[PDB]
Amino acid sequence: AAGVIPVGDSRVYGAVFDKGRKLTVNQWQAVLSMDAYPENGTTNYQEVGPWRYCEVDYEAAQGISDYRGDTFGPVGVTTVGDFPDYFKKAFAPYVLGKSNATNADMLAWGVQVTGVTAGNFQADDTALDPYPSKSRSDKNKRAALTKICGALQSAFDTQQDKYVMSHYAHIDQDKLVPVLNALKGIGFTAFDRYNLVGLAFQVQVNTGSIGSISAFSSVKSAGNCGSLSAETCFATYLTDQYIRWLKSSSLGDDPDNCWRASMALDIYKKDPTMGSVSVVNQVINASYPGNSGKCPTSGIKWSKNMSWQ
């Protein structure tokens, strides 16, 4: 079937997503397709399923202790977490036509769509959550979270393009901008030849901690790169650090997915522009079929590791 609007749609690239055109459209096609694979099992990032997706307490369903409320959309916005930023800077302007959306407006929306009274919400920069003191499996709490999912899916159904644009806008503001700022801080600003955004983007989507790459400045100053170019050195450093994060029970604790770091580096090595979805598919089919693979690190001695969060 047809997917949601692609990054190359005139309403998306250059408009609500990558407003400064740091990457090209074909680079975004490759990067978003690559990112979709570890997450969804396909490089078809436009598939409608993950964009309409909204689940009540995914964590509880999977026996994870952390509580995040509802999880929704292609990058899993959570109602305890990044939802307030998603609501105020993306959903309200693009779907609701509302400027200067505040936490009070978010509270009012929550009240509107759940029928739960304002006093029974937490509504601040960290969360919109109905009945924050009730058990997560409480019938009325689950009912309200279900209504929030219903409202978001109603937005997908009635205004698919605007809703999709709101998620592109959130990806832009919550993922791309921090990636660009962090990379600039360590000396990388141009991505037409050496597309380091491609590697950093996946790390930011998974960890939300791309600011931690500031540690590379010390690594470079210490001379750890030797004959490696600054770009190749960073690509390798970031990949090693990301693997470290994924493998460790004390960090990301997702060892079965550590290969996703090596996938991205393998793609960069075949095509440093990371501007071909064909190369993405080729690497995945050769070395990472069935959402698995090995995650070898470089062995390079780094003088400083990244400190996460």
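We number the residues from 1 along the sequence you see.
Query raised in the report: Got a sec? Mean C-alpha B-factor, which is higher, 25 to 33 or 276 to 284?
Result: That would be 276 to 284.
**Report entry** Entry-level comparison of average CA B-factors, 223 to 231 and 150 to 158, reporting the higher stretch
**Finding:** Comparing 223 to 231 with 150 to 158, the higher average CA B-factor belongs to 223 to 231.
Query raised in the report: According to the deposited entry, which of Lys269, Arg260, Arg52, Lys247 has the largest Cα B-factor?
Result: Among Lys269, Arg260, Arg52, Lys247, the PDB entry lists the largest C-alpha B-factor for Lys247.
**Report entry** Largest Cα B-factor, entry values, listed residues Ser166, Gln112, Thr117, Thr79
**Finding:** The record points to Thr117.
Report task. Among all modelled residues of this chain, ranked by Cα B factor, put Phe188 in the bottom, middle or top third, i.e. lowest, middle or highest. Result -> For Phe188, whose C-alpha B-factor we compare with every modelled residue in the chain, the answer is the middle third.
Query raised in the report: If you rank every modelled residue in this chain by C-alpha B factor, which third holds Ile64: lowest, middle or highest?
Result: It falls in the top third of the chain.
Requested in this report: For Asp125, return the chain-relative third of its C-alpha B-factor as stated in the PDB record: lowest, middle or highest.
Outcome: Highest third - that is where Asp125 ends up once the chain's C-alpha B-factors are sorted.
Query raised in the report: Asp70's Cα B-factor: lowest, middle or highest third of the chain?
Result: It falls in the bottom third of the chain.
Query raised in the report: Considering only modelled residues of the same chain, in which third does the CA B-factor of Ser99 rank: lowest, middle or highest?
Result: Answer is highest: the recorded C-alpha B-factor places it there.
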